[PDB]
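Input: a single structure, listed below in structure tokens.
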Amino acid sequence: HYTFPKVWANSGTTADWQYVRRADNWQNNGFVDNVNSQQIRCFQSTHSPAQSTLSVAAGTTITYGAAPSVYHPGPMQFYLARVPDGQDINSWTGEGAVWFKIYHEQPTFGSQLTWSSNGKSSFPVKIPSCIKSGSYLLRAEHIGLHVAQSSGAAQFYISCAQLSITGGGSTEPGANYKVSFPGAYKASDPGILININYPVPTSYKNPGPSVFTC
Ligand SMILES: [Cu+2]
């Protein structure tokens, strides 16, 4: 149980839900367990814009905050989606096959799976240098897998930040990189329907598309 209420760059912290669309778990710190819900995208059944949009240079690392620290086992993953030219980010929900993955977490494989996200209160998110400047949504998710051996038991903790990415390049992620939310995930996916406990897995297939790099 945690939210992802903040993102920041190089000018101190922001306020909760200042640059992050207020997630529907803002009171209970709970999860989405329905990969078919609109909430799987930005945790909003009713779209509501963030108060502001954060300017960040492509190729730099910003910070996505959690509250309180992440403590369920499983991966952090981050996706970007570029708002079309002529559309206002405040109004854009990010529907269709527009999301590309820029990070996913692999566990360390030992007697148990250990996750570097354990105990972390924030995460560095490296924005690709080569993507086109524009307005973007940055989707954060943590997937808690402690009881995920049953369908519908994986716990998704999600939010989305509004960014203005500057100083871009000209690389467009391929069609194979871009997915929709809902759409990208199925309840049967091997990194969602999974017993991480015993026997311990010796590999882990993150859900969603390949990580896009320049
Ligand atoms: Cu919890």
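In the structure tokens, each chain is lettered A, B, ... as it comes, each chain's residues begin at 1, and ligands are numbered from 1 in order of appearance.
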Please give me, as an MDAnalysis selection string, the residues lying within 9 Å of ligand 1 when counting only C-alpha atoms and all ligand atoms. chainID A and resid 1:2 29:31 70:72 144 155 157
Please extract the residues of stretch 27-74 of chain A with a backbone DSSP assignment of alpha helix (DSSP H) and present them as JSON, numbers by chain. {"A": [39, 40, 41, 42]}
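Close contacts of residue A:93, defined as residues with an atom at most 10 Å away when counting only C-alpha atoms, with chain neighbours fewer than 5 positions off set aside, comprise residues 41, 42, 44, 46, 47, 48, 49, 81, 83 and 137 of chain A.
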So how many Å separate atom CA of residue A:174 and atom CA of residue A:116, to one decimal?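 About the pair atom CA of residue A:174 and atom CA of residue A:116: they are 29.1 Å apart.
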Residue contacts of residue A:39 (10 Å, only C-alpha atoms) excluding same-chain residues fewer than 6 positions away, as a PyMOL selection string: chain A and resi 23-24+31-33+45-47+156+158-159+181-182
Keeping C-alpha atoms, export the residues of the selection given above as a CSV table (one decimal), in the first residue's frame.
```csv
chain,number,residue,atom,x,y,z
A,23,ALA,CA,-4.7,8.7,-8.4
A,24,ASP,CA,-7.9,7.1,-7.2
A,31,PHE,CA,-4.1,-1.1,-5.7
A,32,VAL,CA,-5.6,-1.9,-9.1
A,33,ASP,CA,-6.1,-5.7,-9.6
A,45,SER,CA,-11.8,6.1,-13.5
A,46,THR,CA,-12.7,9.8,-14.1
A,47,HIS,CA,-9.8,11.6,-15.9
A,156,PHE,CA,-0.7,-2.6,-9.3
A,158,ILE,CA,0.1,3.4,-10.4
A,159,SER,CA,0.1,7.1,-11.2
A,181,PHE,CA,-3.6,0.6,-21.2
A,182,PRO,CA,-5.9,-1.2,-20.8
```
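Comparing the minimum interatomic distances between residue A:52 and each of A:211, A:163, A:80, A:145, counting only C-alpha atoms, we find that A:163 sits nearest.
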Which residues, written as a PyMOL selection string, have at least one atom at most 12 Å from residue A:19, with only C-alpha atoms counted and residues fewer than 5 positions away on the same chain left out? chain A and resi 4-9+13-14+48-56+63-65+89-90+136-139+159-164
Shortest contact to residue A:212, candidates A:103, A:17, A:26, A:198, atoms counted only C-alpha atoms, goes to A:103
Which is closest to residue A:76 among A:204, A:185, A:115, A:92, if we use only C-alpha atoms?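 Nearest candidate to residue A:76 out of A:204, A:185, A:115, A:92: A:115.
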Which of these, A:142, A:57, A:168, A:135, has the shortest distance to residue A:88 once you count only C-alpha atoms? A:135
Within 8 Å of residue A:147 using only C-alpha atoms, minus same-chain residues under 5 positions, as an mmCIF file with N, CA, C and O atoms, in the first residue's frame:
```cif
data_model
loop_
_atom_site.group_PDB
_atom_site.id
_atom_site.type_symbol
_atom_site.label_atom_id
_atom_site.label_comp_id
_atom_site.auth_asym_id
_atom_site.auth_seq_id
_atom_site.Cartn_x
_atom_site.Cartn_y
_atom_site.Cartn_z
ATOM 1 N N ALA A 153 -4.794 -11.362 -8.567
ATOM 2 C CA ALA A 153 -4.180 -11.135 -7.259
ATOM 3 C C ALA A 153 -2.937 -10.243 -7.278
ATOM 4 O O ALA A 153 -2.502 -9.792 -6.225
ATOM 5 N N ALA A 154 -2.353 -9.997 -8.450
ATOM 6 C CA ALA A 154 -1.264 -9.031 -8.564
ATOM 7 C C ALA A 154 -1.792 -7.647 -8.204
ATOM 8 O O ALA A 154 -2.905 -7.284 -8.561
ATOM 9 N N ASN A 195 3.773 -17.517 -9.086
ATOM 10 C CA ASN A 195 4.157 -17.831 -7.720
ATOM 11 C C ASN A 195 5.634 -17.505 -7.539
ATOM 12 O O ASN A 195 6.500 -18.233 -8.041
#
```
DSSP strand (DSSP E) residues within stretch 5-173 of chain A, as number ranges by chain: A: 5-8, 54-57, 61-67, 76-82, 99-104, 108-109, 113-114, 122-126, 134-144, 155-166
In terms of the shortest atom-to-atom distance over only C-alpha atoms, which of A:15, A:111, A:134, A:117 is closest to residue A:87?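 Going through A:15, A:111, A:134, A:117 one by one, the smallest distance to residue A:87 is for A:134.
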So the first atom is atom CA of residue A:94 and the second is atom CA of residue A:152; what is the distance between them in Å, to one decimal place? 23.8 Å
Long-range neighbours of residue A:66 as a PyMOL selection string, 6 Å cut-off, only C-alpha atoms, 4 positions minimum in chain: chain A and resi 3-4+121-122
Please, what distance in Å, to one decimal, runs between atom CA of residue A:74 and atom CA of residue A:110?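 According to the coordinates, atom CA of residue A:74 and atom CA of residue A:110 are separated by 14.5 Å.
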Compile a residue-level contact table for stretch 76-111 of chain A against stretch 205-210 of chain A at a cut-off of 12 Å, reporting for every qualifying residue the shortest atom pair and its distance in Å to one decimal, with only C-alpha atoms counted, rows ordered by chain and ascending number, as a tab-separated table.
```
residue	atom	partner	partner_atom	distance
A:76	CA	A:206	CA	9.7
A:77	CA	A:206	CA	8.7
A:78	CA	A:208	CA	10.7
A:79	CA	A:209	CA	10.0
A:97	CA	A:209	CA	11.3
A:98	CA	A:209	CA	11.8
A:99	CA	A:209	CA	9.4
A:100	CA	A:209	CA	7.4
A:101	CA	A:209	CA	6.6
A:102	CA	A:210	CA	8.6
A:103	CA	A:210	CA	9.0
A:104	CA	A:206	CA	7.1
A:105	CA	A:206	CA	7.8
A:106	CA	A:206	CA	7.7
A:107	CA	A:206	CA	10.1
```
Next, the residues of the selection above should be written as an mmCIF file, in the first residue's frame with N, CA, C and O atoms.
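And here is the file that came out, out17.cif:
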```
data_model
loop_
_atom_site.group_PDB
_atom_site.id
_atom_site.type_symbol
_atom_site.label_atom_id
_atom_site.label_comp_id
_atom_site.auth_asym_id
_atom_site.auth_seq_id
_atom_site.Cartn_x
_atom_site.Cartn_y
_atom_site.Cartn_z
ATOM 1 N N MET A 76 9.205 -2.376 -10.328
ATOM 2 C CA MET A 76 8.854 -1.077 -10.888
ATOM 3 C C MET A 76 8.959 -1.113 -12.405
ATOM 4 O O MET A 76 9.892 -1.713 -12.962
ATOM 5 N N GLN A 77 8.043 -0.422 -13.077
ATOM 6 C CA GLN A 77 8.126 -0.214 -14.524
ATOM 7 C C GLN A 77 7.666 1.209 -14.830
ATOM 8 O O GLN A 77 6.787 1.742 -14.146
ATOM 9 N N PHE A 78 8.261 1.814 -15.855
ATOM 10 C CA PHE A 78 7.899 3.163 -16.286
ATOM 11 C C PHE A 78 7.661 3.203 -17.787
ATOM 12 O O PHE A 78 8.400 2.587 -18.563
ATOM 13 N N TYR A 79 6.645 3.963 -18.189
ATOM 14 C CA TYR A 79 6.287 4.142 -19.584
ATOM 15 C C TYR A 79 6.101 5.626 -19.876
ATOM 16 O O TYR A 79 5.677 6.397 -19.007
ATOM 17 N N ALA A 97 -2.639 2.937 -28.693
ATOM 18 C CA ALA A 97 -1.342 2.292 -28.575
ATOM 19 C C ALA A 97 -0.255 3.353 -28.615
ATOM 20 O O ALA A 97 0.398 3.560 -29.634
ATOM 21 N N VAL A 98 -0.082 4.030 -27.486
ATOM 22 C CA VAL A 98 0.771 5.203 -27.389
ATOM 23 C C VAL A 98 1.870 5.087 -26.336
ATOM 24 O O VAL A 98 2.752 5.936 -26.275
ATOM 25 N N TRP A 99 1.815 4.057 -25.500
ATOM 26 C CA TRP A 99 2.729 3.941 -24.368
ATOM 27 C C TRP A 99 3.929 3.078 -24.733
ATOM 28 O O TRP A 99 3.753 1.951 -25.192
ATOM 29 N N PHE A 100 5.133 3.593 -24.495
ATOM 30 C CA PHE A 100 6.332 2.777 -24.652
ATOM 31 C C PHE A 100 7.065 2.712 -23.327
ATOM 32 O O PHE A 100 7.074 3.665 -22.545
ATOM 33 N N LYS A 101 7.647 1.546 -23.076
ATOM 34 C CA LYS A 101 8.329 1.269 -21.831
ATOM 35 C C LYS A 101 9.734 1.825 -21.879
ATOM 36 O O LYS A 101 10.459 1.590 -22.843
ATOM 37 N N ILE A 102 10.126 2.544 -20.831
ATOM 38 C CA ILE A 102 11.488 3.053 -20.726
ATOM 39 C C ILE A 102 12.300 2.419 -19.596
ATOM 40 O O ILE A 102 13.501 2.651 -19.510
ATOM 41 N N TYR A 103 11.668 1.605 -18.761
ATOM 42 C CA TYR A 103 12.366 0.906 -17.695
ATOM 43 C C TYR A 103 11.500 -0.235 -17.198
ATOM 44 O O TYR A 103 10.293 -0.066 -17.024
ATOM 45 N N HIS A 104 12.120 -1.376 -16.923
ATOM 46 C CA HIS A 104 11.504 -2.366 -16.058
ATOM 47 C C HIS A 104 12.545 -3.037 -15.185
ATOM 48 O O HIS A 104 13.711 -3.170 -15.557
ATOM 49 N N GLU A 105 12.097 -3.446 -14.008
ATOM 50 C CA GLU A 105 12.972 -4.015 -12.995
ATOM 51 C C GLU A 105 13.056 -5.530 -13.107
ATOM 52 O O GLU A 105 12.037 -6.210 -13.188
ATOM 53 N N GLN A 106 14.278 -6.052 -13.094
ATOM 54 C CA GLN A 106 14.518 -7.479 -12.928
ATOM 55 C C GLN A 106 14.941 -7.762 -11.496
ATOM 56 O O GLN A 106 15.746 -7.025 -10.938
ATOM 57 N N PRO A 107 14.430 -8.848 -10.902
ATOM 58 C CA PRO A 107 14.895 -9.238 -9.573
ATOM 59 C C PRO A 107 16.268 -9.873 -9.634
ATOM 60 O O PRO A 107 16.730 -10.263 -10.707
#
```
Which residue, A:169, A:183, A:68, A:201, has the smallest gap to residue A:118 when you use only C-alpha atoms?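 Looking at the shortest contact to residue A:118, the residue is A:68.
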